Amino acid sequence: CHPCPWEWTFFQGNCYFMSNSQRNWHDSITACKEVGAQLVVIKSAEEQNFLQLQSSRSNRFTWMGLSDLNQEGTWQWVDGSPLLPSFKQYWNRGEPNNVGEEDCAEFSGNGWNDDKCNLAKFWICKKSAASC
């Protein structure tokens, strides 16, 4: 028994995969579903710091499963849960600014940025680990 599939990173009972290719946000959602996973939805501050650190070290602009597509300015996770007030701190300075209509959230440097949903970026999938 091993808790995660090969090349997946285990963290606090879940498995994480960072892509080595780039897609737009809607295709990133599909990419994760095809491996029985979900474009990463963040549930805790520890998990946030864990993901941002890898995004900073790798220096890769990376999609997360969050958008304000349904209502501009109200951010929602792809599993339907709302962005909580205790997560607003992770936006980068001056963000979210929706310049040129940016509806999808990404890891950018030390925090989050809203960027155009049609741009190709790396992504991270999340699924729960098996019990060994």
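Between two forms, the rigid core is the largest collection of C-alphas that superpose within 1.5 Å. Residue numbers here begin at 1 and follow the sequence given.
S.K.: Relative to this form, superposed by the core, which stretch has the greater CA RMS in 7 other deposited structures of this protein: 2 to 10 or 122 to 130?
M.R.: Higher root mean square deviation of C-alphas in 7 other deposited structures of this protein is shown by 2 to 10.
S.K.: With reference to the PDB entry, specify whether the mean Cα temperature factor is higher for 18 to 26 or for 106 to 114.
M.R.: Higher mean C-alpha B-factor in the PDB entry: 18 to 26.
S.K.: Taking only the CA atoms, which stretch has the higher mean B-factor in the record, 33 to 41 or 68 to 76?
M.R.: Looking at the recorded C-alpha B-factors, 68 to 76 comes out higher on average.
S.K.: Can you tell me which of 92, 62, 81, 52 has the maximum CA B-factor listed in the PDB entry?
M.R.: Comparing C-alpha B-factors across 92, 62, 81, 52, the top value belongs to 81.
S.K.: Place residue 4 in the lowest, middle or highest third of its chain's C-alpha B-factors, as listed in the PDB entry.
M.R.: Middle third - that is where residue 4 ends up once the chain's C-alpha B-factors are sorted.
S.K.: Name the third of the chain's ranked CA B-factors that contains residue 101, choosing lowest, middle or highest.
M.R.: Its C-alpha B-factor, which the entry lists for residue 101, ranks in the highest third among residues of this chain.
S.K.: Considering every modelled residue of the chain and its Cα B-factor in the PDB entry, is residue 132 in the lowest, middle or highest third?
M.R.: It belongs to the highest third of the chain when residues are ordered by C-alpha B-factor.
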